[PDB]
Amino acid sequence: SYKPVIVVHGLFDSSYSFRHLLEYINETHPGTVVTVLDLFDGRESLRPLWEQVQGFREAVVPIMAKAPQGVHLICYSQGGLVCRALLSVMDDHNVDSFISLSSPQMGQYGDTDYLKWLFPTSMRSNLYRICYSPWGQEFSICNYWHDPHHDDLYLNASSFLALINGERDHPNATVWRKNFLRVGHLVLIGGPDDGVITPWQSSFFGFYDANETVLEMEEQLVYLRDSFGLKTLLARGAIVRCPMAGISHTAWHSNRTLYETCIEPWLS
């Protein structure tokens, strides 16, 4: 009746935070087998994203192998990046709807409670001094910290974001793009009132200019050069932009309305 659904959580989380989401799905698409993966749950979510990619991969392969008509993915916050990289590196995934639930798809660049707690002596404009070090790149947040004022160090040091975005050339960029293009739909959810993702537009692949002007997905090389299939996906009608103004970063997976508008339609 419905394709299996895999959920990938974000920072300091577990399947516990998705009880409301599972309800929504059960109350609308009865019998849907939803697997909310409890991998890298509490502090382990701070592990390098590439590590998380392999872990999730090992866990997701069996589920996909059993899904005759493919599976759907709902990846929340940081999880969105793990999933994008995952769909980029496995040439045999069968993901239909890839729902990016408010993820920093084009990176993060903002002061946050978590950030201040983790780095008590740093601001957004300072973080790069730590995040772009070899050991810094061993911390999940740092793997996608995108400082628009140190773009050269970023392209140089980012071991995750700059790489999956094709901002830094690597031997398998073409294959990764080919793999990501296998997706059926790239559902982008996010909104102006998410008070964490910064810029919040990062959810729609929008990002800061060197002057901190928020450019649209289409005004960036990542798109114009079609580095990982954004342009191909868009022209094909695969990207579903679903903005929402009344949701804070913690409520995207606990809002019946959002679910009904932006998620339910894509869970075939």
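So that there is no doubt, residue numbering starts at 1 and follows the sequence shown.
As stated in the PDB record, which stretch has the larger average Cα B-factor, 199-207 or 27-35? Taking the mean C-alpha B-factor of 199-207 and of 27-35, the larger value falls to 27-35.
Between 114-122 and 155-163, name whichever shows the higher mean Cα B factor according to the PDB entry. Mean C-alpha B-factor is greater for 114-122.
Could you say which of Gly136, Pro171, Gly190, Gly79 has its CA atom at the highest B factor, as listed in the PDB entry? Reading the PDB entry, the winner on C-alpha B-factor is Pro171.
Ranked against its chain, the third holding the CA B-factor of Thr232: Bottom third by C-alpha B-factor.
Based on the entry's values, in what third of the chain does the Cα temperature factor of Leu46 lie: lowest, middle or highest? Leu46: CA B-factor falls in the lowest third of its chain.
What third of its chain's C-alpha B-factors does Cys242 belong to: lowest, middle or highest? Tercile = highest for this residue's CA B-factor.
Could you tell me which third, lowest, middle or highest, the C-alpha B-factor of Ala59 occupies within its chain? Within its chain, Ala59 is a lowest-third residue by C-alpha B-factor, going by the deposited values.
Record-listed C-alpha B factor of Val71: chain third: As the PDB entry reports it, the C-alpha B-factor of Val71 lands in the highest third of its chain.
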